[PDB]
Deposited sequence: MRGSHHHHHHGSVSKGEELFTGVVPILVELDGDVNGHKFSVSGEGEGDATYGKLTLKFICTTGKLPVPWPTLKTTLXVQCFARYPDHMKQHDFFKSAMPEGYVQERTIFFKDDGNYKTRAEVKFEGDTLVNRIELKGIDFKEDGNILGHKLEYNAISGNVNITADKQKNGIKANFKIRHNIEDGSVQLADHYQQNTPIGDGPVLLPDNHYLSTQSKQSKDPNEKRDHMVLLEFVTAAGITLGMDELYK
């Protein structure tokens, strides 16, 4: 795709999120850079409204899959870069087992040289004393596979995957993710064969930062089709 060309170097990233979970409204801004040749993302996210009212790990999946490293033999399956620069809309529902759900809508597109992810998030049906609002999740590394399928009807893709968040008591909190992506333009995109994105991250802190924030280092690699 011509879009793929926009990702051959290091690209600045800007993320903006407006959230409302159970009436607790918050905003997050993120900045960093992506190097899709290596599937690599380095970002710092800041809560700009004060303290974040949900755990940072619950927002990781929401807070730019156009930065995945696609193997050469799979580059015909990279929907995300093929929709650039006009971009795509990503929507998810995230069901936290035995608790509430997030619904998200993200618009991902270039503004000049910067890849921008503008997100709205709504959470409903949460327990004030459950694992999310009651801050019971661990901050350990999240990894897993995002299973992608083509959606010819919307000229896009669907995806599904589960995140198993470790909880303090030693069990896990499931977050079942359902995803759709639709291009913004009218023209053709790459509609992929079934495959997945193998995604891993590590969370850290900026020692100089006094605001509530998270630093993330992430690698995203497409896989599952053999040469």
Deposited-sequence stretches lacking C-alpha coordinates, listed in sequence order: 1-13, 77, 242-248
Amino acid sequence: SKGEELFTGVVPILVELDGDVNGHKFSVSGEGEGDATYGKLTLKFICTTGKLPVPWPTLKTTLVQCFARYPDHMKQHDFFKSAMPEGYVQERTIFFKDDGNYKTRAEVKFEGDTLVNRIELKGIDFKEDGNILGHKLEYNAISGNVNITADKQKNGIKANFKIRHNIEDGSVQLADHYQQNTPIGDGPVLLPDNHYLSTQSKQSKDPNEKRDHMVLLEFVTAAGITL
From here on, numbers count along this sequence of modelled residues.
Which of 199-207 and 7-15 has higher mean CA B factor, as the PDB entry lists it: 199-207
Mean C-alpha temperature factor, higher of 70-78 and 123-131: 123-131
Most elevated Cα B-factor in the entry, residues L137, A150, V108, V146: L137
Peak C-alpha temperature factor (PDB record), options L59, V189, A36, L174: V189
Third of the chain, ranked by Cα B-factor, where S27 sits: middle
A141 - Cα temperature factor, lowest/middle/highest third of chain: highest
Third of chain Cα B-factors occupied by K103: lowest
Record-listed C-alpha B factor of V54: chain third: middle
Among modelled residues of the same chain, the CA temperature factor third for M214: highest
